[PDB]
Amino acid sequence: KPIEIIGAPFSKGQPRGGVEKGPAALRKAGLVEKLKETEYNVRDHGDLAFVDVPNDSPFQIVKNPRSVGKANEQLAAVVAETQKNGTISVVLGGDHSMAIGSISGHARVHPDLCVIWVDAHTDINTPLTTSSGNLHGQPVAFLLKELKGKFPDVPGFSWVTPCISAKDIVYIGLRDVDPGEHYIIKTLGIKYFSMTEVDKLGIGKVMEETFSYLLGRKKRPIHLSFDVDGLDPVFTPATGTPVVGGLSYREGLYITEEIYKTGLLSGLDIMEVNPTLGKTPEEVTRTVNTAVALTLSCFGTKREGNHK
């Protein structure tokens, strides 16, 4: 099972344009060369060229609906094709709104997959609950089957078909959830481990419980959508929405080390790295290097050591 890197220099899901530079910074930090040192064969598809939409007026409060909808449609097609060829897709983020296209294309080939979402946020607001209008905080709402028809058709997304049910996803790291989003996860009964649960259980028990919950019945493809702000700002300061009291460096690596050990990783998203948001040049280097270490961990690099 080879790996295929796919760049997604997109920032229309939020207001800060620098996340577009995420892919470049990750590559410049030597991401591809290091992955070639693993047991996997690596392939770089390159970066995608997203067709911008000039006249893109807000749908109600939702900003850049048509541009976000089209870029995600392009991504889904690309991901589905590589999945169709028996390869693991690695999407280099880009604001988190690109998860719509990443997960959608994945589910086209592997309809039985489950999703592990590492983030300080649930990203499940709907076009009607959102207060900001930024689509990087609404991706999960377009993918959940239970939310289908809970909000008006948004321009640019008629191509989307809800592909995951409430019981197929698990959140880890939550600590900044909007009132509407909380009502939704409680009502629909979505499984989550907020920082409170990580403190209570310990990251060891957290990973054990997420795997038995999702892989109890039968085994199946895993899709890990990693938002860099899942970790505390001390570790990943260069992000658009940092929240204090997050996961540690050690905990972030433990999550990815356990996911590698299942042998079921099928799709990966590394999102929200913004290289123009450091407080200093090293805060940037710190964030980019951590994202690279997490990616390598998903593919075999272990803290105990490695040998051929």
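Residues carry their position along the shown sequence, with the first being 1.
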query: Stretch with the greater mean C-alpha B-factor as recorded in the entry, comparing 249-257 against 46-54; finding: 46-54
query: Comparing 193-201 with 132-140, the one whose average Cα B-factor in the PDB entry is higher; finding: 132-140
query: Candidate set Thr276, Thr241, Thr280, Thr262 [ranked by C-alpha B-factor, highest]; finding: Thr280
query: Deposited CA B-factor, highest of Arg108, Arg175, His182, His223; finding: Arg108
query: Modelled-residue ranking by C-alpha temperature factor, third containing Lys218; finding: highest
query: Ranked against its chain, the third holding the CA B-factor of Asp227; finding: lowest
query: Modelled-residue ranking by C-alpha temperature factor, third containing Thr210; finding: lowest
query: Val154 CA temperature factor, ranked by third within the chain; finding: highest
query: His121 - Cα temperature factor, lowest/middle/highest third of chain; finding: lowest
